[PDB]
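Fold and geometry: a report
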Amino acid sequence: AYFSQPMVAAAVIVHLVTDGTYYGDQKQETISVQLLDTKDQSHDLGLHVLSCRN
Amino acid sequence: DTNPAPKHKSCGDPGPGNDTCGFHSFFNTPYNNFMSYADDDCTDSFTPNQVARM
């Protein structure tokens, strides 16, 4: 996903309609939130698991 | 005359990457020189600074 106004990043909000948990598969899945910037490669933030409450 | 260049297999100017330690954008890459790892058709002539060494 792109953006419009180039600003610094203090936190990245990802809003999902589901945690991705299957009815049969009970194994948790972990997603990765990368970040991209102008005229440079990236600044990695790590990985996070999905929580319904959050 | 030899511009800096990363290790590239395809002919033409290579794209950016995290392999380089001190640069990110390269222009006027000497793919016409024989010392590159390009194919047979893209290697045609030597730079004039490399004939003096010979």
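Residues numbered from 1 in each chain as written, not as in the entry; some residues may be left out. Chains lettered and ligands numbered in written order. Part of a larger assembly, values for the part shown. Heavy atoms only, no water.

This deposited entry lists cryo-EM as its structure determination method and 4.16 Å as its resolution.

This part takes up the overall build of chain B. Across its full length, chain B carries one helix and zero strands. For chain B, the spread of C-alpha atoms along the principal axes amounts to about 35 × 25 × 15 Å. Excluding contacts between residues fewer than 6 apart, the proportion of contacts in chain B whose partners are at least 24 apart in sequence is 34%. As presented, chain B carries roughly 4300 Å² of accessible surface, and 52% of it is formed by carbon and sulfur atoms. (Helix = DSSP H or I, 4+ residues; strand = E, 2+ residues; numbered from the N terminus. Contact = heavy atoms within 4.5 Å. Areas by Shrake-Rupley, 256 points an atom, 1.4 Å probe, with all protein chains shown as cover.)

A separate point is a nonpolar patch on the surface. All names here are of chain A. Among the surface-exposed residues, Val12, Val14, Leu16, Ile31 and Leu45 lie close enough to one another that they form a single nonpolar patch of about 390 Å² accessible area. Here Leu16 is to be found in the segment before β1 (30-32). What makes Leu16 partly exposed here is its relative accessible area of 41%. (Patch = residues over 30% accessible without salt bridge, like charges linked within 9 Å, V, L, I, M, F, W, Y side chains within 5 Å. Salt bridge = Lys/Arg side-chain N within 4 Å of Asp/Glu carboxyl O. Buried < 20%, exposed > 50% of the residue type's maximum accessible area, 1.4 Å probe, protein only.)

Here we come to the state of the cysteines. All names here are of chain B. Applying the stated criterion to the full structure yields one disulfide over all chains. One disulfide bridge connects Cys11 with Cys42, the sulfur atoms lying 2.0 Å from each other. Residues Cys11 and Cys42 are joined through a disulfide that is left-handed, its torsion about the S-S bond being -90 degrees. Placement of the pair is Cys11 in the segment before α1 (49-53) and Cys42 in the segment before α1, with a sequence separation of 31 residues. Given a relative accessible area of 33%, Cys11 falls into the partly exposed group. (Disulfide = S-S within 2.5 Å.)

One pair of aromatic rings is described through two measures. These are the centre distance and the angle between the planes. All names here are of chain B. Summed over all chains, the structure comprises two aromatic pairs over all chains. Seen from their ring centres, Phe23 and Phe26 are 5.6 Å apart, and the 35 degrees between their planes marks the pair as tilted. When its relative accessible area of 55% is taken as the criterion, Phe23 is described as exposed. Each ring, one from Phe34 and one from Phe46, has its centre 4.6 Å from the other, and the planes form 40 degrees; the classification is tilted. Taken as a pair, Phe34 in the segment before α1 and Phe46 in the segment before α1 lie far apart in primary sequence, twelve residues in all. On the accessibility criterion, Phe46 (37% relative accessible area) is partly exposed. (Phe/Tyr/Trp six-rings, centres within 6.5 Å; stacked < 30°, edge-to-face > 60°.)

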